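> As input, take input05.csv (CSV, N, CA, C and O atoms):
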chain,number,residue,atom,x,y,z
S,1,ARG,N,2.1,15.4,-15.5
S,1,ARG,CA,1.5,15.5,-14.2
S,1,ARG,C,0.3,14.6,-14.0
S,1,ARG,O,0.0,14.1,-12.9
S,2,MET,N,-0.4,14.4,-15.0
S,2,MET,CA,-1.6,13.6,-14.8
S,2,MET,C,-0.9,12.1,-14.9
S,2,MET,O,-1.2,11.2,-14.1
S,3,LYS,N,0.1,12.0,-15.8
S,3,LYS,CA,0.8,10.7,-16.0
S,3,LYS,C,1.6,10.4,-14.7
S,3,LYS,O,1.6,9.2,-14.3
S,4,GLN,N,2.2,11.4,-14.1
S,4,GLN,CA,2.9,11.2,-12.8
S,4,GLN,C,2.0,10.8,-11.7
S,4,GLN,O,2.5,10.1,-10.8
S,5,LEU,N,0.8,11.3,-11.7
S,5,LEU,CA,-0.1,10.8,-10.7
S,5,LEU,C,-0.5,9.4,-10.9
S,5,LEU,O,-0.6,8.6,-10.0
S,6,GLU,N,-0.7,9.1,-12.2
S,6,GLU,CA,-1.1,7.8,-12.6
S,6,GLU,C,-0.1,6.7,-12.3
S,6,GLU,O,-0.3,5.7,-11.6
S,7,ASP,N,1.2,7.0,-12.7
S,7,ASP,CA,2.3,6.1,-12.4
S,7,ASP,C,2.4,5.9,-10.9
S,7,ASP,O,2.8,4.8,-10.4
S,8,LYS,N,2.1,6.9,-10.1
S,8,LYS,CA,2.2,6.9,-8.7
S,8,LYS,C,1.1,6.0,-8.1
S,8,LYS,O,1.4,5.3,-7.1
S,9,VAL,N,-0.1,6.0,-8.6
S,9,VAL,CA,-1.1,5.2,-8.1
S,9,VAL,C,-0.6,3.7,-8.4
S,9,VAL,O,-0.7,2.8,-7.5
S,10,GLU,N,-0.1,3.5,-9.6
S,10,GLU,CA,0.4,2.1,-10.0
S,10,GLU,C,1.4,1.6,-9.0
S,10,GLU,O,1.3,0.5,-8.5
S,11,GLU,N,2.4,2.4,-8.8
S,11,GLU,CA,3.5,2.1,-7.8
S,11,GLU,C,3.0,1.7,-6.5
S,11,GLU,O,3.4,0.6,-5.9
S,12,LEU,N,2.1,2.5,-5.9
S,12,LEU,CA,1.6,2.2,-4.6
S,12,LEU,C,0.7,1.0,-4.6
S,12,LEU,O,0.6,0.4,-3.6
S,13,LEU,N,0.1,0.7,-5.8
S,13,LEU,CA,-0.7,-0.5,-5.9
S,13,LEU,C,0.2,-1.7,-5.7
S,13,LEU,O,-0.1,-2.7,-4.9
S,14,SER,N,1.2,-1.7,-6.4
S,14,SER,CA,2.3,-2.7,-6.4
S,14,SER,C,2.8,-2.9,-5.0
S,14,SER,O,2.7,-4.0,-4.3
S,15,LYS,N,3.3,-1.9,-4.4
S,15,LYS,CA,3.8,-2.0,-3.1
S,15,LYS,C,2.7,-2.5,-2.2
S,15,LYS,O,2.8,-3.4,-1.3
S,16,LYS,N,1.5,-2.1,-2.4
S,16,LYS,CA,0.5,-2.6,-1.5
S,16,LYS,C,0.3,-4.1,-1.7
S,16,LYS,O,0.1,-4.8,-0.8
S,17,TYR,N,0.4,-4.5,-3.0
S,17,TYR,CA,0.2,-6.0,-3.2
S,17,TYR,C,1.2,-6.9,-2.5
S,17,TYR,O,0.9,-8.0,-1.9
S,18,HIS,N,2.4,-6.3,-2.5
S,18,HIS,CA,3.6,-7.0,-1.9
S,18,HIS,C,3.3,-7.1,-0.4
S,18,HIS,O,3.5,-8.2,0.2
S,19,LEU,N,2.9,-6.0,0.2
S,19,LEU,CA,2.6,-6.0,1.6
S,19,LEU,C,1.6,-7.0,2.0
S,19,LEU,O,1.6,-7.6,3.0
S,20,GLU,N,0.5,-7.1,1.2
S,20,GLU,CA,-0.5,-8.0,1.5
S,20,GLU,C,-0.1,-9.5,1.3
S,20,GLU,O,-0.5,-10.4,2.1
S,21,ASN,N,0.8,-9.8,0.3
S,21,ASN,CA,1.3,-11.1,0.1
S,21,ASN,C,2.1,-11.5,1.4
S,21,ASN,O,1.9,-12.6,2.1
S,22,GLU,N,3.0,-10.6,1.9
S,22,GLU,CA,3.8,-10.9,3.0
S,22,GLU,C,3.0,-11.1,4.3
S,22,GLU,O,3.3,-12.0,5.1
S,23,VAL,N,1.9,-10.4,4.4
S,23,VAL,CA,1.1,-10.6,5.6
S,23,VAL,C,0.5,-11.9,5.6
S,23,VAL,O,0.3,-12.5,6.6
S,24,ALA,N,0.1,-12.4,4.4
S,24,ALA,CA,-0.5,-13.7,4.2
S,24,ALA,C,0.4,-14.8,4.7
S,24,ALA,O,0.0,-15.7,5.5
S,25,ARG,N,1.6,-14.7,4.3
S,25,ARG,CA,2.7,-15.5,4.6
S,25,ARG,C,3.0,-15.6,6.1
S,25,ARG,O,3.2,-16.7,6.5
S,26,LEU,N,2.9,-14.4,6.7
S,26,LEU,CA,3.2,-14.3,8.2
S,26,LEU,C,2.1,-14.9,9.0
S,26,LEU,O,2.2,-15.4,10.0
S,27,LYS,N,0.9,-14.6,8.3
S,27,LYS,CA,-0.4,-15.1,8.9
S,27,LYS,C,-0.5,-16.6,8.9
S,27,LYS,O,-1.3,-17.2,9.5
S,28,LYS,N,0.4,-17.2,8.1
S,28,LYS,CA,0.4,-18.6,8.0
S,28,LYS,C,1.5,-19.3,8.9
S,28,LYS,O,1.5,-20.5,9.0
S,29,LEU,N,2.4,-18.5,9.5
S,29,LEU,CA,3.4,-18.9,10.4
S,29,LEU,C,3.0,-18.7,11.8
S,29,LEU,O,3.8,-18.8,12.7
S,30,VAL,N,1.7,-18.2,12.0
S,30,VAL,CA,1.2,-17.9,13.3
S,30,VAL,C,0.7,-19.1,14.1
S,30,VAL,O,1.1,-19.2,15.3
W,1,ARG,N,-10.1,12.5,-12.5
W,1,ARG,CA,-9.5,13.8,-12.8
W,1,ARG,C,-8.3,14.1,-11.8
W,1,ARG,O,-8.1,13.3,-10.9
W,2,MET,N,-7.5,15.2,-12.0
W,2,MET,CA,-6.4,15.5,-11.1
W,2,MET,C,-6.6,15.2,-9.6
W,2,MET,O,-5.9,14.5,-8.9
W,3,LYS,N,-7.7,15.8,-9.1
W,3,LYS,CA,-8.1,15.7,-7.8
W,3,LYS,C,-8.5,14.2,-7.3
W,3,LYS,O,-8.2,13.8,-6.2
W,4,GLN,N,-9.1,13.4,-8.2
W,4,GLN,CA,-9.5,12.0,-7.9
W,4,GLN,C,-8.2,11.2,-7.6
W,4,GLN,O,-8.0,10.5,-6.6
W,5,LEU,N,-7.3,11.4,-8.6
W,5,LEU,CA,-6.0,10.7,-8.6
W,5,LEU,C,-5.3,11.1,-7.4
W,5,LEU,O,-4.8,10.2,-6.7
W,6,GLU,N,-5.3,12.4,-7.0
W,6,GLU,CA,-4.7,12.8,-5.7
W,6,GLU,C,-5.3,12.2,-4.6
W,6,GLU,O,-4.6,11.8,-3.6
W,7,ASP,N,-6.5,12.0,-4.7
W,7,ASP,CA,-7.2,11.3,-3.5
W,7,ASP,C,-6.9,9.8,-3.5
W,7,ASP,O,-6.8,9.2,-2.3
W,8,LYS,N,-6.7,9.1,-4.6
W,8,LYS,CA,-6.4,7.7,-4.7
W,8,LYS,C,-5.0,7.5,-4.1
W,8,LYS,O,-4.8,6.8,-3.2
W,9,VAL,N,-4.0,8.3,-4.5
W,9,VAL,CA,-2.7,8.3,-3.9
W,9,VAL,C,-2.7,8.4,-2.4
W,9,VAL,O,-2.2,7.6,-1.7
W,10,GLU,N,-3.5,9.3,-1.8
W,10,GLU,CA,-3.5,9.5,-0.3
W,10,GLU,C,-4.1,8.3,0.3
W,10,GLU,O,-3.8,7.9,1.4
W,11,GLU,N,-5.1,7.7,-0.3
W,11,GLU,CA,-5.8,6.6,0.3
W,11,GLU,C,-4.9,5.3,0.3
W,11,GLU,O,-4.9,4.5,1.2
W,12,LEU,N,-4.2,5.2,-0.8
W,12,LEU,CA,-3.3,4.0,-1.0
W,12,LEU,C,-2.1,4.1,0.0
W,12,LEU,O,-1.8,3.1,0.6
W,13,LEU,N,-1.6,5.4,0.1
W,13,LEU,CA,-0.5,5.5,1.0
W,13,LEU,C,-0.9,5.2,2.5
W,13,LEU,O,-0.1,4.6,3.3
W,14,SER,N,-2.1,5.5,2.8
W,14,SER,CA,-2.6,5.2,4.2
W,14,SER,C,-2.6,3.7,4.4
W,14,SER,O,-2.3,3.1,5.5
W,15,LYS,N,-3.0,3.0,3.3
W,15,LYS,CA,-3.1,1.5,3.4
W,15,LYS,C,-1.8,0.9,3.5
W,15,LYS,O,-1.5,0.0,4.4
W,16,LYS,N,-0.9,1.4,2.8
W,16,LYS,CA,0.5,1.0,2.8
W,16,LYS,C,1.0,1.1,4.2
W,16,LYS,O,1.6,0.1,4.7
W,17,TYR,N,0.8,2.2,4.9
W,17,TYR,CA,1.4,2.4,6.2
W,17,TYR,C,0.7,1.4,7.2
W,17,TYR,O,1.4,0.9,8.2
W,18,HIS,N,-0.6,1.1,7.0
W,18,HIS,CA,-1.4,0.2,7.8
W,18,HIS,C,-0.8,-1.2,7.7
W,18,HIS,O,-0.7,-1.9,8.7
W,19,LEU,N,-0.4,-1.5,6.5
W,19,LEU,CA,0.1,-2.8,6.2
W,19,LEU,C,1.6,-2.9,6.7
W,19,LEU,O,2.0,-3.9,7.3
W,20,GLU,N,2.4,-1.9,6.5
W,20,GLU,CA,3.8,-2.0,7.0
W,20,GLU,C,3.7,-2.2,8.6
W,20,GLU,O,4.5,-2.9,9.2
W,21,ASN,N,2.8,-1.5,9.2
W,21,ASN,CA,2.8,-1.6,10.7
W,21,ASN,C,2.3,-3.0,11.1
W,21,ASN,O,2.7,-3.6,12.0
W,22,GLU,N,1.4,-3.6,10.3
W,22,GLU,CA,0.8,-4.8,10.6
W,22,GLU,C,1.9,-5.8,10.5
W,22,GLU,O,2.1,-6.7,11.3
W,23,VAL,N,2.6,-5.6,9.4
W,23,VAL,CA,3.7,-6.5,9.0
W,23,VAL,C,4.8,-6.6,10.1
W,23,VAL,O,5.3,-7.7,10.5
W,24,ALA,N,5.1,-5.4,10.7
W,24,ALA,CA,6.1,-5.3,11.7
W,24,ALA,C,5.7,-6.0,13.0
W,24,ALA,O,6.5,-6.4,13.8
W,25,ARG,N,4.4,-6.1,13.2
W,25,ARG,CA,3.8,-6.7,14.4
W,25,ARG,C,3.8,-8.2,14.3
W,25,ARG,O,4.2,-8.9,15.2
W,26,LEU,N,3.5,-8.7,13.1
W,26,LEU,CA,3.5,-10.1,12.9
W,26,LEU,C,4.8,-10.7,13.1
W,26,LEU,O,5.0,-11.6,13.8
W,27,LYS,N,5.8,-10.1,12.4
W,27,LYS,CA,7.2,-10.6,12.5
W,27,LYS,C,7.6,-10.6,14.0
W,27,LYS,O,8.2,-11.5,14.5
W,28,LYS,N,7.2,-9.5,14.7
W,28,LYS,CA,7.5,-9.5,16.1
W,28,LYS,C,7.0,-10.8,16.8
W,28,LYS,O,7.7,-11.4,17.6
W,29,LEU,N,5.8,-11.2,16.4
W,29,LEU,CA,5.1,-12.4,17.0
W,29,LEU,C,5.7,-13.8,16.5
W,29,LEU,O,5.4,-14.8,17.1
W,30,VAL,N,6.4,-13.8,15.4
W,30,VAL,CA,6.9,-15.0,14.8
W,30,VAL,C,8.4,-14.8,14.3
W,30,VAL,O,9.4,-15.1,15.0
Is it possible to give me this structure as structure tokens?

Amino acid sequence: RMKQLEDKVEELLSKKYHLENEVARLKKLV
Amino acid sequence: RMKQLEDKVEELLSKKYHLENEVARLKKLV
């Protein structure tokens, strides 16, 4: 459970990074 | 600790949603 929360923060960090890369990209097609 | 981790997850999830919506907006524009 502590591990499950840890893994969870990790996952969301990843997804978050993806989302910011995409925005960069779209921000460059503007 | 347990509670900090819980707080990190909530904060990250909020960011994620903010990014997904931004993302959806940009694409609409390009």
> Report as a PDB file with N, CA, C and O atoms, in the frame of the given file all protein, DNA and RNA residues lying within 8 Å of segment 8-21 of chain W, evaluated on only C-alpha atoms, omitting residues in the same chain fewer than 2 positions from it.

ATOM      1  N   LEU S   5       0.800  11.300 -11.700  1.00  0.00           N
ATOM      2  CA  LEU S   5      -0.100  10.800 -10.700  1.00  0.00           C
ATOM      3  C   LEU S   5      -0.500   9.400 -10.900  1.00  0.00           C
ATOM      4  O   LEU S   5      -0.600   8.600 -10.000  1.00  0.00           O
ATOM      5  N   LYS S   8       2.100   6.900 -10.100  1.00  0.00           N
ATOM      6  CA  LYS S   8       2.200   6.900  -8.700  1.00  0.00           C
ATOM      7  C   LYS S   8       1.100   6.000  -8.100  1.00  0.00           C
ATOM      8  O   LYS S   8       1.400   5.300  -7.100  1.00  0.00           O
ATOM      9  N   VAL S   9      -0.100   6.000  -8.600  1.00  0.00           N
ATOM     10  CA  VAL S   9      -1.100   5.200  -8.100  1.00  0.00           C
ATOM     11  C   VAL S   9      -0.600   3.700  -8.400  1.00  0.00           C
ATOM     12  O   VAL S   9      -0.700   2.800  -7.500  1.00  0.00           O
ATOM     13  N   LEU S  12       2.100   2.500  -5.900  1.00  0.00           N
ATOM     14  CA  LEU S  12       1.600   2.200  -4.600  1.00  0.00           C
ATOM     15  C   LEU S  12       0.700   1.000  -4.600  1.00  0.00           C
ATOM     16  O   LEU S  12       0.600   0.400  -3.600  1.00  0.00           O
ATOM     17  N   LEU S  13       0.100   0.700  -5.800  1.00  0.00           N
ATOM     18  CA  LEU S  13      -0.700  -0.500  -5.900  1.00  0.00           C
ATOM     19  C   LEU S  13       0.200  -1.700  -5.700  1.00  0.00           C
ATOM     20  O   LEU S  13      -0.100  -2.700  -4.900  1.00  0.00           O
ATOM     21  N   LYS S  15       3.300  -1.900  -4.400  1.00  0.00           N
ATOM     22  CA  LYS S  15       3.800  -2.000  -3.100  1.00  0.00           C
ATOM     23  C   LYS S  15       2.700  -2.500  -2.200  1.00  0.00           C
ATOM     24  O   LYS S  15       2.800  -3.400  -1.300  1.00  0.00           O
ATOM     25  N   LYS S  16       1.500  -2.100  -2.400  1.00  0.00           N
ATOM     26  CA  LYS S  16       0.500  -2.600  -1.500  1.00  0.00           C
ATOM     27  C   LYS S  16       0.300  -4.100  -1.700  1.00  0.00           C
ATOM     28  O   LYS S  16       0.100  -4.800  -0.800  1.00  0.00           O
ATOM     29  N   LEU S  19       2.900  -6.000   0.200  1.00  0.00           N
ATOM     30  CA  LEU S  19       2.600  -6.000   1.600  1.00  0.00           C
ATOM     31  C   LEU S  19       1.600  -7.000   2.000  1.00  0.00           C
ATOM     32  O   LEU S  19       1.600  -7.600   3.000  1.00  0.00           O
ATOM     33  N   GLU S  20       0.500  -7.100   1.200  1.00  0.00           N
ATOM     34  CA  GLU S  20      -0.500  -8.000   1.500  1.00  0.00           C
ATOM     35  C   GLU S  20      -0.100  -9.500   1.300  1.00  0.00           C
ATOM     36  O   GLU S  20      -0.500 -10.400   2.100  1.00  0.00           O
ATOM     37  N   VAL S  23       1.900 -10.400   4.400  1.00  0.00           N
ATOM     38  CA  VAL S  23       1.100 -10.600   5.600  1.00  0.00           C
ATOM     39  C   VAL S  23       0.500 -11.900   5.600  1.00  0.00           C
ATOM     40  O   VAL S  23       0.300 -12.500   6.600  1.00  0.00           O
TER      41      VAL S  23
ATOM     42  N   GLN W   4      -9.100  13.400  -8.200  1.00  0.00           N
ATOM     43  CA  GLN W   4      -9.500  12.000  -7.900  1.00  0.00           C
ATOM     44  C   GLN W   4      -8.200  11.200  -7.600  1.00  0.00           C
ATOM     45  O   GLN W   4      -8.000  10.500  -6.600  1.00  0.00           O
ATOM     46  N   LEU W   5      -7.300  11.400  -8.600  1.00  0.00           N
ATOM     47  CA  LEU W   5      -6.000  10.700  -8.600  1.00  0.00           C
ATOM     48  C   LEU W   5      -5.300  11.100  -7.400  1.00  0.00           C
ATOM     49  O   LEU W   5      -4.800  10.200  -6.700  1.00  0.00           O
ATOM     50  N   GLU W   6      -5.300  12.400  -7.000  1.00  0.00           N
ATOM     51  CA  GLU W   6      -4.700  12.800  -5.700  1.00  0.00           C
ATOM     52  C   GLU W   6      -5.300  12.200  -4.600  1.00  0.00           C
ATOM     53  O   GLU W   6      -4.600  11.800  -3.600  1.00  0.00           O
ATOM     54  N   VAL W  23       2.600  -5.600   9.400  1.00  0.00           N
ATOM     55  CA  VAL W  23       3.700  -6.500   9.000  1.00  0.00           C
ATOM     56  C   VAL W  23       4.800  -6.600  10.100  1.00  0.00           C
ATOM     57  O   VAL W  23       5.300  -7.700  10.500  1.00  0.00           O
ATOM     58  N   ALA W  24       5.100  -5.400  10.700  1.00  0.00           N
ATOM     59  CA  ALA W  24       6.100  -5.300  11.700  1.00  0.00           C
ATOM     60  C   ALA W  24       5.700  -6.000  13.000  1.00  0.00           C
ATOM     61  O   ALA W  24       6.500  -6.400  13.800  1.00  0.00           O
ATOM     62  N   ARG W  25       4.400  -6.100  13.200  1.00  0.00           N
ATOM     63  CA  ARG W  25       3.800  -6.700  14.400  1.00  0.00           C
ATOM     64  C   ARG W  25       3.800  -8.200  14.300  1.00  0.00           C
ATOM     65  O   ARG W  25       4.200  -8.900  15.200  1.00  0.00           O
TER      66      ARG W  25
END
> Chain W vs chain S: Cα RMSD after least-squares superposition over all Cα in order?
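The root-mean-square deviation of C-alpha positions is 0.4 Å.
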> What does the distance from atom O of residue 29 of chain W to atom CA of residue 28 of chain S come to in Å, to one decimal?
11.1 Å
> As an exercise, work out the distance from atom C of residue 30 of chain W to atom O of residue 30 of chain S in Å and give it to one decimal place.
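We find that atom C of residue 30 of chain W and atom O of residue 30 of chain S lie 8.6 Å from each other.
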> When you draw a straight line from atom CA of residue 2 of chain W to atom N of residue 1 of chain S, how long is it in Å?
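According to the coordinates, atom CA of residue 2 of chain W and atom N of residue 1 of chain S are separated by 9.6 Å.
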> Considering only helix (DSSP H, G or I) as DSSP defines it on the backbone, what residues of chain S qualify? List them as a list in words.
residues 2, 3, 4, 5, 6, 7, 8, 9, 10, 11, 12, 13, 14, 15, 16, 17, 18, 19, 20, 21, 22, 23, 24, 25 and 26 of chain S
